[PDB]
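A single chain comes next, written as structure tokens; it is the form deposited in one PDB entry.
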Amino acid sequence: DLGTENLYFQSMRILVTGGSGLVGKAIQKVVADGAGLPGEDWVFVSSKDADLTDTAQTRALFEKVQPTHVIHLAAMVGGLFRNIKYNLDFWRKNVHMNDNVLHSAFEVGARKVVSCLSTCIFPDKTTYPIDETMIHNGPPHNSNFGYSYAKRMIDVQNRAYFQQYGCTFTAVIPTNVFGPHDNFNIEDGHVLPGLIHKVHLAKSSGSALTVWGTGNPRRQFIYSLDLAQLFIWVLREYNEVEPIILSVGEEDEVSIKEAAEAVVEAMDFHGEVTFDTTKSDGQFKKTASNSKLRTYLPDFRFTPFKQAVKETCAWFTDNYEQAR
């Protein structure tokens, strides 16, 4: 329910950082298709509009736009998952970005900010499933600690702004996102868009599909379009400082193998599918509970997985040249 029974409307200016990305582009579509309400001006920006690692440029963007609300998606994110690690660069640039954005929002007097966290913030050693309370219950995985701790500190900023200044800054925690306008780069991208590109190359080359690792790791996937809907809802209706996980349930986890099968079917691929165990498996699970989301939106129906994959595969094929 992204409409309203209200007869009157407030003038809202909604700045969306990282608007040109996977998540941001999904919000644009959902809004452009009529999820936008009267009085709401949606302003989507990218790094062209301002480098958010720079305080002066961020301040200037916020002075120009004067947002009443902020959805904060921007992060320095590539190339995470590459061979050599750059934990200081990722820690320092992301903390600067997050501080610039939250504090400019504070300065302009924004009513609400919703930032985007990641399952990489959760503790390495933890019970399962993981919920929003457990975010700080032990250190994150060492592989990319810099990035993880920078995200965790968004929660700490939100809590501090609330406690001292009364601001309603909060955050959402998506699981693994996929959809149109993803980064489909095979070396640097996530597994699901990477698989879509890999299968596309297997048809164009007539080769076989080589999946990295065992195919055993389990993941919760969420369609960018489903996430966008939940994001707009959170912006309008969710008022806890504590973050909220946006994800399908623990029972709808699927293995990398099952995910590759969904792509193979969707792209109508008949070549061999092999699992290269020489490349390392990542974490086996990062299973998140959506209990909280279910208390707020019990009747919300996610797009079925195979359909969401087909649409994404269809988009990639139809926009191959312009895609990432």
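All residue numbers are counted from 1 along the displayed sequence. Take the two forms, find the largest set of C-alpha atoms that superpose within 1.5 Å, and that set is the rigid core.
Looking at mean Cα B-factors across 255 to 263 and 60 to 68, the upper value is held by 255 to 263. When 113 to 121 is weighed against 206 to 214, 206 to 214 comes out higher, by mean CA B-factor as recorded in the entry. Set against one another, the Cα B-factors of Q163, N142, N94, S224 in the record reach their highest point at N142.
For the set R159, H103, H200, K151, the maximum C-alpha B-factor listed in the entry falls on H200. In the deposited entry, the Cα temperature factor of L88 places it in the middle third of its chain's modelled residues. Annotation for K25: CA B-factor lies in the middle third of the chain's modelled residues. In the PDB entry, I14 places in the lowest third of its chain by CA B-factor. When the CA B factors of the chain's modelled residues are split into thirds, the value for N319 lands in the highest one. In the deposited entry, the Cα temperature factor of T53 places it in the lowest third of its chain's modelled residues.
In what follows, reference is made to the form deposited in another entry, a form of this protein that is not presented.
When the two forms are superposed on their rigid core between the shown form and the other one, the C-alpha shift of 2 Å or more among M134, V254, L201, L80 belongs solely to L80. The Cα-Cα distance between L80 and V95 is lengthened by 3 Å or more in that other deposited form relative to the form shown here. CA of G78 to CA of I222: closer by 3 Å or more in that other deposited form than in the shown form.
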